[PDB]
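Below is one structure, written out as structure tokens; comments come after it.
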Amino acid sequence: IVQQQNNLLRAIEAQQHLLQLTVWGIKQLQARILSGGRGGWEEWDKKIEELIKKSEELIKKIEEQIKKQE
Amino acid sequence: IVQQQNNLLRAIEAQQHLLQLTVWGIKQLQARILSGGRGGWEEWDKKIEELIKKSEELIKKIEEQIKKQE
Amino acid sequence: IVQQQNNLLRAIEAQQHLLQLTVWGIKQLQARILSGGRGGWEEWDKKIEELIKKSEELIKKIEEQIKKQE
Ligand SMILES: [Mg+2]
Ligand SMILES: [Mg+2]
Ligand SMILES: [Mg+2]
């Protein structure tokens, strides 16, 4: 349960980076295809950014707790 | 390992909401760009919906188990 | 904490499959809409593929550790 939580965290991290990459691709599609590009997507961007930040801190939080144990 | 599992769950949740937001954006792209909009995407929608539901229940399940401990 | 880690893993898995499905949808959008289709996306594809593989192994790793306990 020691190395278990560590791999859970690492999996969560990878999924995080995945998610960020899909966000980038979807943004590129808006930019390339839509006549107004990323215009009007501002609020969707803010919601995405808020959850990425929240995710990033929790990750950091988990990392800290883990090594406080170690 | 107490507050560890709780932050893992919360991270999983955030990623969940992220994922839902990317799904929304991809659906908007289908709707706005494709001549037939979201037409023909029905099965992809069903697969997405099935995994979101599965995810949501597991989250709930984790939450319950956690506080049954508390 | 026994059945807790197991549901965390399963949630992570579901999110994984979700993520793969969004990747598929974004690839279909590139293919259908862009004049050059998926052309020029090769590096983005490689980054995605690298993180999916990493994710898949960690999942497998978690599964193994879990039942080594059981
Ligand atoms: Mg347009
Ligand atoms: Mg069309
Ligand atoms: Mg074009």
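Scheme for the structure tokens: letters A, B, ... for chains in order shown; per-chain residue numbers from 1; ligand numbers from 1 in order shown.
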
**OP:** Output the contact residues of chain A with respect to chain B at a cut-off of 9 Å, based on only C-alpha atoms, as a count of residues only.
**Re:** 31

**OP:** Pick out each residue of chain B that DSSP on the backbone tags as helix (DSSP H, G or I); I need them as a ChimeraX atom specification.
**Re:** /B:3-33,42-69

Subject >> Point-to-point distance from CA of residue 43 (chain C) to CA of residue 38 (chain A), Å rounded to tenths >> reply: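 For CA of residue 43 (chain C) relative to CA of residue 38 (chain A), the distance reads 22.3 Å.
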
Subject >> Atomic distance CA of residue 45 (chain C) - CA of residue 45 (chain A), expressed in Å with one decimal >> reply: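 Taking CA of residue 45 (chain C) and CA of residue 45 (chain A), their separation equals 22.5 Å.
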
Subject >> Point-to-point distance from CA of residue 27 (chain C) to CA of residue 40 (chain C), Å rounded to tenths >> reply: 12.0 Å
